Amino acid sequence: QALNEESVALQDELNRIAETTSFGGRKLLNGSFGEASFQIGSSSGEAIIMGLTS
Amino acid sequence: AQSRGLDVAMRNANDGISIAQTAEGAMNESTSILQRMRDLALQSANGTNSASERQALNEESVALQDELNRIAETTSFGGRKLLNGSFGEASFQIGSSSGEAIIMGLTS
Amino acid sequence: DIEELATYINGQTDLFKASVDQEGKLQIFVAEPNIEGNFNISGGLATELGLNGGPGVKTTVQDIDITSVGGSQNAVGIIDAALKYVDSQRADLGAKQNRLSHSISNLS
Amino acid sequence: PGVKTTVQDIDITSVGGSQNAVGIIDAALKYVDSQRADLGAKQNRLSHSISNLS
């Protein structure tokens, strides 16, 4: 039971990490980030998609 | 008139030099990418890798491959794609009169 | 993927400014001097994306919106075309200025 | 179809619970490490792109 209490505490910690880590208010590790394109070229297109899964 | 021709020829030669310089820089970065990919493949070759390590190495390799494609398709001298395979053989008047030209070609 | 396809389409030509919006919808931009009539598209790939080339949506600089990713990507091509047009007009004015100077010297 | 078990669905109050827990956490670790490797590949891609652009 004590080990399970520690395990559930760590589970809640994992959920808090998933829901909290953010880049200036843009949640990163909660699935909501989806996929975004960073335009690294110097003209239309020329971008790179980024994957970040919950 | 020949002095004007010499001035324009010097300008054209300098333009060709700049195009070659930009292409050379892109090529240097591409060869760095290829060296990194070679290192990745050699690391993958080692016997003690199971399967997941090979998957991670393959993910890195495919990322570098798409980076190579992006470089080949993106580097440009003011809207003139260089290494995307479209430049082909092009002339560069470097003489006062008509009939002087250095042919430069950049394969994709 | 869609982004690589957009980059490739941009590379293989200079009359198009391919782009990708937030949802991943290929935005193809054709500068004003480069189009006159019904821009018609074909091929199996276009049916794969469901594209439909027709009269097109007319967008000028005054109609630029940036709040969306696709808005910015389209705006890139819009400003590119606008810059090209303004530079062409400035070139025309410079040519007229040079002709005027030559004429004034001849008149004197 | 099999009973779906995720990390959040982990309990160790019984021997079988922990025996399933080891495997569940191993799978989760594999997933997280794969995503980290993908992100590292993206970082290397972006660094090479930055050097090329410079």
# chains A, B, ... in the order shown; residues from 1 in each chain; ligands from 1
call {"tool": "closest_atom_pairs", "arguments": {"of": "chain B", "to": "chain A", "cutoff": "9 Å", "atoms": "only C-alpha atoms", "output": "Markdown table"}}
result
| residue | atom | partner | partner_atom | distance |
| --- | --- | --- | --- | --- |
| B:70 | CA | A:46 | CA | 7.4 |
| B:73 | CA | A:46 | CA | 8.7 |
| B:74 | CA | A:46 | CA | 7.0 |
| B:75 | CA | A:41 | CA | 8.8 |
| B:79 | CA | A:43 | CA | 8.9 |
call {"tool": "write_last_selection", "arguments": {"atoms": "N, CA and C atoms", "output": "PDB file, in the first residue's frame"}}
result
ATOM      1  N   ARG B  70      15.978  19.780 -48.337  1.00  0.00           N
ATOM      2  CA  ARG B  70      15.661  21.188 -48.134  1.00  0.00           C
ATOM      3  C   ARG B  70      16.801  22.076 -48.606  1.00  0.00           C
ATOM      4  N   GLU B  73      16.878  22.244 -52.321  1.00  0.00           N
ATOM      5  CA  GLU B  73      15.728  22.930 -52.896  1.00  0.00           C
ATOM      6  C   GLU B  73      15.588  24.382 -52.458  1.00  0.00           C
ATOM      7  N   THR B  74      16.402  24.856 -51.518  1.00  0.00           N
ATOM      8  CA  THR B  74      16.160  26.146 -50.881  1.00  0.00           C
ATOM      9  C   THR B  74      17.251  27.179 -51.111  1.00  0.00           C
ATOM     10  N   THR B  75      18.527  26.803 -51.083  1.00  0.00           N
ATOM     11  CA  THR B  75      19.576  27.802 -51.245  1.00  0.00           C
ATOM     12  C   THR B  75      19.418  28.497 -52.588  1.00  0.00           C
ATOM     13  N   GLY B  79      16.522  34.526 -55.402  1.00  0.00           N
ATOM     14  CA  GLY B  79      15.445  33.936 -56.166  1.00  0.00           C
ATOM     15  C   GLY B  79      15.887  33.021 -57.288  1.00  0.00           C
TER      16      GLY B  79
END
call {"tool": "residues_around", "arguments": {"residues": "residue B:71", "least_positions_apart": "5", "cutoff": "10 Å", "atoms": "only C-alpha atoms", "output": "ChimeraX atom specification"}}
result
/A:41,46 /B:26-27,29-30,65-66,76,82-84 /D:48-49,52-53
call {"tool": "write_last_selection", "arguments": {"atoms": "N, CA and C atoms", "output": "PDB file, in the first residue's frame"}}
result
ATOM      1  N   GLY A  41      13.018  29.037 -43.889  1.00  0.00           N
ATOM      2  CA  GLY A  41      13.512  29.528 -45.155  1.00  0.00           C
ATOM      3  C   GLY A  41      13.506  31.042 -45.207  1.00  0.00           C
ATOM      4  N   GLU A  46       9.132  26.409 -47.327  1.00  0.00           N
ATOM      5  CA  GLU A  46      10.479  26.257 -46.785  1.00  0.00           C
ATOM      6  C   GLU A  46      10.451  26.101 -45.268  1.00  0.00           C
TER       7      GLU A  46
ATOM      8  N   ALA B  26      26.880  26.206 -49.525  1.00  0.00           N
ATOM      9  CA  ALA B  26      25.821  25.210 -49.402  1.00  0.00           C
ATOM     10  C   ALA B  26      26.387  23.800 -49.519  1.00  0.00           C
ATOM     11  N   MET B  27      27.325  23.598 -50.444  1.00  0.00           N
ATOM     12  CA  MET B  27      27.944  22.288 -50.608  1.00  0.00           C
ATOM     13  C   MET B  27      28.704  21.876 -49.358  1.00  0.00           C
ATOM     14  N   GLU B  29      28.042  22.747 -46.245  1.00  0.00           N
ATOM     15  CA  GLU B  29      27.076  22.303 -45.245  1.00  0.00           C
ATOM     16  C   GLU B  29      26.505  20.934 -45.607  1.00  0.00           C
ATOM     17  N   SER B  30      26.255  20.699 -46.896  1.00  0.00           N
ATOM     18  CA  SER B  30      25.729  19.408 -47.326  1.00  0.00           C
ATOM     19  C   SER B  30      26.713  18.282 -47.033  1.00  0.00           C
ATOM     20  N   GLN B  65      18.189  13.431 -44.058  1.00  0.00           N
ATOM     21  CA  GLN B  65      17.880  13.290 -45.477  1.00  0.00           C
ATOM     22  C   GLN B  65      16.940  14.395 -45.938  1.00  0.00           C
ATOM     23  N   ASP B  66      15.882  14.645 -45.166  1.00  0.00           N
ATOM     24  CA  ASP B  66      14.982  15.741 -45.500  1.00  0.00           C
ATOM     25  C   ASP B  66      15.698  17.080 -45.411  1.00  0.00           C
ATOM     26  N   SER B  76      19.444  29.825 -52.564  1.00  0.00           N
ATOM     27  CA  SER B  76      19.148  30.609 -53.750  1.00  0.00           C
ATOM     28  C   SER B  76      19.898  31.929 -53.682  1.00  0.00           C
ATOM     29  N   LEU B  82      19.945  27.393 -56.925  1.00  0.00           N
ATOM     30  CA  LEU B  82      21.290  27.001 -57.331  1.00  0.00           C
ATOM     31  C   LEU B  82      21.442  25.489 -57.454  1.00  0.00           C
ATOM     32  N   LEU B  83      21.181  24.753 -56.374  1.00  0.00           N
ATOM     33  CA  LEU B  83      21.468  23.325 -56.313  1.00  0.00           C
ATOM     34  C   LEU B  83      20.218  22.464 -56.446  1.00  0.00           C
ATOM     35  N   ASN B  84      19.103  23.039 -56.885  1.00  0.00           N
ATOM     36  CA  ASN B  84      17.874  22.279 -57.062  1.00  0.00           C
ATOM     37  C   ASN B  84      17.804  21.581 -58.414  1.00  0.00           C
TER      38      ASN B  84
ATOM     39  N   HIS D  48      21.932  22.544 -38.076  1.00  0.00           N
ATOM     40  CA  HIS D  48      22.539  22.534 -39.403  1.00  0.00           C
ATOM     41  C   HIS D  48      21.901  23.588 -40.296  1.00  0.00           C
ATOM     42  N   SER D  49      20.578  23.735 -40.213  1.00  0.00           N
ATOM     43  CA  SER D  49      19.902  24.758 -41.000  1.00  0.00           C
ATOM     44  C   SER D  49      20.363  26.150 -40.600  1.00  0.00           C
ATOM     45  N   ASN D  52      23.765  26.739 -42.154  1.00  0.00           N
ATOM     46  CA  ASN D  52      23.633  26.966 -43.588  1.00  0.00           C
ATOM     47  C   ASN D  52      23.084  28.356 -43.868  1.00  0.00           C
ATOM     48  N   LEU D  53      22.053  28.761 -43.128  1.00  0.00           N
ATOM     49  CA  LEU D  53      21.445  30.064 -43.354  1.00  0.00           C
ATOM     50  C   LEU D  53      22.428  31.182 -43.051  1.00  0.00           C
TER      51      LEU D  53
END
call {"tool": "interface_residues", "arguments": {"of": "chain D", "to": "chain B", "cutoff": "7 Å", "atoms": "only C-alpha atoms", "output": "short mmCIF file (atom, residue, chain, number, x, y, z; two decimals) with N, CA and C atoms, in the first residue's frame"}}
result
data_model
loop_
_atom_site.label_atom_id
_atom_site.label_comp_id
_atom_site.auth_asym_id
_atom_site.auth_seq_id
_atom_site.Cartn_x
_atom_site.Cartn_y
_atom_site.Cartn_z
N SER D 34 11.80 7.31 -27.56
CA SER D 34 11.65 7.51 -29.00
C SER D 34 11.30 8.96 -29.31
N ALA D 37 14.36 11.10 -28.87
CA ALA D 37 15.27 10.95 -29.99
C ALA D 37 14.78 11.74 -31.20
N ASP D 38 13.47 11.71 -31.45
CA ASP D 38 12.92 12.50 -32.55
C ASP D 38 13.18 13.99 -32.33
N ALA D 41 16.75 14.75 -33.08
CA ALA D 41 16.94 14.83 -34.52
C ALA D 41 16.48 16.18 -35.05
N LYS D 42 15.34 16.67 -34.57
CA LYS D 42 14.87 17.99 -34.99
C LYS D 42 15.85 19.08 -34.56
N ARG D 45 18.77 18.96 -36.95
CA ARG D 45 18.32 19.54 -38.21
C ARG D 45 18.32 21.05 -38.14
N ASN D 52 23.77 26.74 -42.15
CA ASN D 52 23.63 26.97 -43.59
C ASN D 52 23.08 28.36 -43.87
#
call {"tool": "select_by_dssp", "arguments": {"residues": "chain D", "states": "alpha helix (DSSP H)", "output": "VMD selection string"}}
result
chain D and resid 15 to 53
call {"tool": "atom_distance", "arguments": {"atom1": "atom CA of residue B:19", "atom2": "atom CA of residue B:90"}}
result
11.3 Å
call {"tool": "residues_around", "arguments": {"residues": "residue C:2", "least_positions_apart": "5", "cutoff": "12 Å", "atoms": "only C-alpha atoms", "output": "list in words"}}
result
residues 37, 45, 46, 47, 48 and 49 of chain A; 7, 8, 9, 18, 19, 20, 21, 22, 23, 24, 25, 26, 27, 45, 48 and 49 of chain C
call {"tool": "atom_distance", "arguments": {"atom1": "atom CA of residue B:91", "atom2": "atom CA of residue C:15"}}
result
23.1 Å
call {"tool": "atom_distance", "arguments": {"atom1": "atom CA of residue A:44", "atom2": "atom CA of residue B:80"}}
result
14.4 Å
call {"tool": "decode", "arguments": {"residues": "stretch 6-31 of chain C", "atoms": "N, CA, C and O atoms", "output": "PDB file, in the first residue's frame"}}
result
ATOM      1  N   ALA C   6       5.356  21.659 -50.679  1.00  0.00           N
ATOM      2  CA  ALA C   6       5.309  23.097 -50.922  1.00  0.00           C
ATOM      3  C   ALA C   6       6.693  23.641 -51.242  1.00  0.00           C
ATOM      4  O   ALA C   6       6.856  24.446 -52.168  1.00  0.00           O
ATOM      5  N   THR C   7       7.705  23.210 -50.488  1.00  0.00           N
ATOM      6  CA  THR C   7       9.067  23.655 -50.762  1.00  0.00           C
ATOM      7  C   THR C   7       9.513  23.222 -52.153  1.00  0.00           C
ATOM      8  O   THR C   7      10.145  23.995 -52.881  1.00  0.00           O
ATOM      9  N   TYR C   8       9.193  21.986 -52.536  1.00  0.00           N
ATOM     10  CA  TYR C   8       9.561  21.496 -53.860  1.00  0.00           C
ATOM     11  C   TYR C   8       8.883  22.305 -54.957  1.00  0.00           C
ATOM     12  O   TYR C   8       9.520  22.675 -55.952  1.00  0.00           O
ATOM     13  N   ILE C   9       7.588  22.586 -54.798  1.00  0.00           N
ATOM     14  CA  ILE C   9       6.870  23.354 -55.810  1.00  0.00           C
ATOM     15  C   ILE C   9       7.446  24.758 -55.910  1.00  0.00           C
ATOM     16  O   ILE C   9       7.557  25.323 -57.005  1.00  0.00           O
ATOM     17  N   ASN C  10       7.818  25.349 -54.773  1.00  0.00           N
ATOM     18  CA  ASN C  10       8.491  26.642 -54.810  1.00  0.00           C
ATOM     19  C   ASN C  10       9.809  26.548 -55.565  1.00  0.00           C
ATOM     20  O   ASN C  10      10.148  27.435 -56.354  1.00  0.00           O
ATOM     21  N   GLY C  11      10.568  25.478 -55.329  1.00  0.00           N
ATOM     22  CA  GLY C  11      11.871  25.354 -55.959  1.00  0.00           C
ATOM     23  C   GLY C  11      11.791  25.179 -57.463  1.00  0.00           C
ATOM     24  O   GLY C  11      12.569  25.781 -58.208  1.00  0.00           O
ATOM     25  N   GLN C  12      10.853  24.360 -57.932  1.00  0.00           N
ATOM     26  CA  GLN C  12      10.798  24.004 -59.345  1.00  0.00           C
ATOM     27  C   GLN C  12      10.238  25.109 -60.230  1.00  0.00           C
ATOM     28  O   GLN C  12      10.106  24.894 -61.439  1.00  0.00           O
ATOM     29  N   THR C  13       9.905  26.272 -59.679  1.00  0.00           N
ATOM     30  CA  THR C  13       9.360  27.356 -60.486  1.00  0.00           C
ATOM     31  C   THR C  13       9.527  28.668 -59.735  1.00  0.00           C
ATOM     32  O   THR C  13       9.851  28.693 -58.547  1.00  0.00           O
ATOM     33  N   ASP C  14       9.297  29.767 -60.454  1.00  0.00           N
ATOM     34  CA  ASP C  14       9.385  31.104 -59.885  1.00  0.00           C
ATOM     35  C   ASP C  14       8.116  31.918 -60.083  1.00  0.00           C
ATOM     36  O   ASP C  14       8.060  33.067 -59.630  1.00  0.00           O
ATOM     37  N   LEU C  15       7.100  31.366 -60.746  1.00  0.00           N
ATOM     38  CA  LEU C  15       5.814  32.038 -60.872  1.00  0.00           C
ATOM     39  C   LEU C  15       4.863  31.700 -59.734  1.00  0.00           C
ATOM     40  O   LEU C  15       3.857  32.396 -59.559  1.00  0.00           O
ATOM     41  N   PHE C  16       5.156  30.657 -58.963  1.00  0.00           N
ATOM     42  CA  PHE C  16       4.327  30.228 -57.847  1.00  0.00           C
ATOM     43  C   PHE C  16       5.033  30.540 -56.537  1.00  0.00           C
ATOM     44  O   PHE C  16       6.263  30.473 -56.455  1.00  0.00           O
ATOM     45  N   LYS C  17       4.250  30.857 -55.510  1.00  0.00           N
ATOM     46  CA  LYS C  17       4.732  30.918 -54.133  1.00  0.00           C
ATOM     47  C   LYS C  17       3.874  29.945 -53.332  1.00  0.00           C
ATOM     48  O   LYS C  17       2.881  30.333 -52.714  1.00  0.00           O
ATOM     49  N   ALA C  18       4.261  28.672 -53.350  1.00  0.00           N
ATOM     50  CA  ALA C  18       3.542  27.670 -52.582  1.00  0.00           C
ATOM     51  C   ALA C  18       3.602  28.009 -51.096  1.00  0.00           C
ATOM     52  O   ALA C  18       4.462  28.764 -50.638  1.00  0.00           O
ATOM     53  N   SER C  19       2.668  27.443 -50.339  1.00  0.00           N
ATOM     54  CA  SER C  19       2.554  27.771 -48.925  1.00  0.00           C
ATOM     55  C   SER C  19       1.699  26.712 -48.245  1.00  0.00           C
ATOM     56  O   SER C  19       1.092  25.861 -48.897  1.00  0.00           O
ATOM     57  N   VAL C  20       1.669  26.768 -46.916  1.00  0.00           N
ATOM     58  CA  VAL C  20       0.884  25.842 -46.107  1.00  0.00           C
ATOM     59  C   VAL C  20       0.287  26.609 -44.938  1.00  0.00           C
ATOM     60  O   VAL C  20       1.006  27.311 -44.220  1.00  0.00           O
ATOM     61  N   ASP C  21      -1.020  26.471 -44.740  1.00  0.00           N
ATOM     62  CA  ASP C  21      -1.701  27.149 -43.649  1.00  0.00           C
ATOM     63  C   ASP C  21      -1.591  26.306 -42.378  1.00  0.00           C
ATOM     64  O   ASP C  21      -0.862  25.313 -42.323  1.00  0.00           O
ATOM     65  N   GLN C  22      -2.321  26.703 -41.334  1.00  0.00           N
ATOM     66  CA  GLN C  22      -2.245  25.986 -40.066  1.00  0.00           C
ATOM     67  C   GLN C  22      -2.721  24.546 -40.214  1.00  0.00           C
ATOM     68  O   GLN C  22      -2.125  23.625 -39.644  1.00  0.00           O
ATOM     69  N   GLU C  23      -3.794  24.331 -40.974  1.00  0.00           N
ATOM     70  CA  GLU C  23      -4.393  23.009 -41.091  1.00  0.00           C
ATOM     71  C   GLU C  23      -3.669  22.105 -42.079  1.00  0.00           C
ATOM     72  O   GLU C  23      -3.947  20.902 -42.104  1.00  0.00           O
ATOM     73  N   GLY C  24      -2.756  22.641 -42.884  1.00  0.00           N
ATOM     74  CA  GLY C  24      -2.070  21.838 -43.877  1.00  0.00           C
ATOM     75  C   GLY C  24      -2.767  21.837 -45.222  1.00  0.00           C
ATOM     76  O   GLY C  24      -2.937  20.783 -45.842  1.00  0.00           O
ATOM     77  N   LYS C  25      -3.173  23.015 -45.687  1.00  0.00           N
ATOM     78  CA  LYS C  25      -3.860  23.175 -46.962  1.00  0.00           C
ATOM     79  C   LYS C  25      -2.957  23.954 -47.907  1.00  0.00           C
ATOM     80  O   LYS C  25      -2.653  25.125 -47.655  1.00  0.00           O
ATOM     81  N   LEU C  26      -2.532  23.303 -48.987  1.00  0.00           N
ATOM     82  CA  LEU C  26      -1.605  23.925 -49.922  1.00  0.00           C
ATOM     83  C   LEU C  26      -2.186  25.219 -50.475  1.00  0.00           C
ATOM     84  O   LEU C  26      -3.210  25.212 -51.163  1.00  0.00           O
ATOM     85  N   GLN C  27      -1.527  26.331 -50.167  1.00  0.00           N
ATOM     86  CA  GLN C  27      -1.878  27.644 -50.697  1.00  0.00           C
ATOM     87  C   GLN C  27      -0.915  27.958 -51.833  1.00  0.00           C
ATOM     88  O   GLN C  27       0.298  28.046 -51.617  1.00  0.00           O
ATOM     89  N   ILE C  28      -1.451  28.127 -53.036  1.00  0.00           N
ATOM     90  CA  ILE C  28      -0.659  28.467 -54.210  1.00  0.00           C
ATOM     91  C   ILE C  28      -0.974  29.908 -54.583  1.00  0.00           C
ATOM     92  O   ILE C  28      -2.135  30.259 -54.823  1.00  0.00           O
ATOM     93  N   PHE C  29       0.059  30.740 -54.632  1.00  0.00           N
ATOM     94  CA  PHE C  29      -0.078  32.161 -54.917  1.00  0.00           C
ATOM     95  C   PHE C  29       0.539  32.460 -56.274  1.00  0.00           C
ATOM     96  O   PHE C  29       1.643  31.995 -56.574  1.00  0.00           O
ATOM     97  N   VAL C  30      -0.173  33.230 -57.091  1.00  0.00           N
ATOM     98  CA  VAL C  30       0.288  33.615 -58.418  1.00  0.00           C
ATOM     99  C   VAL C  30       0.303  35.134 -58.480  1.00  0.00           C
ATOM    100  O   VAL C  30      -0.751  35.776 -58.374  1.00  0.00           O
ATOM    101  N   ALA C  31       1.490  35.706 -58.660  1.00  0.00           N
ATOM    102  CA  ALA C  31       1.615  37.154 -58.711  1.00  0.00           C
ATOM    103  C   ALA C  31       0.798  37.710 -59.870  1.00  0.00           C
ATOM    104  O   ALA C  31       0.556  37.033 -60.871  1.00  0.00           O
TER     105      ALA C  31
END
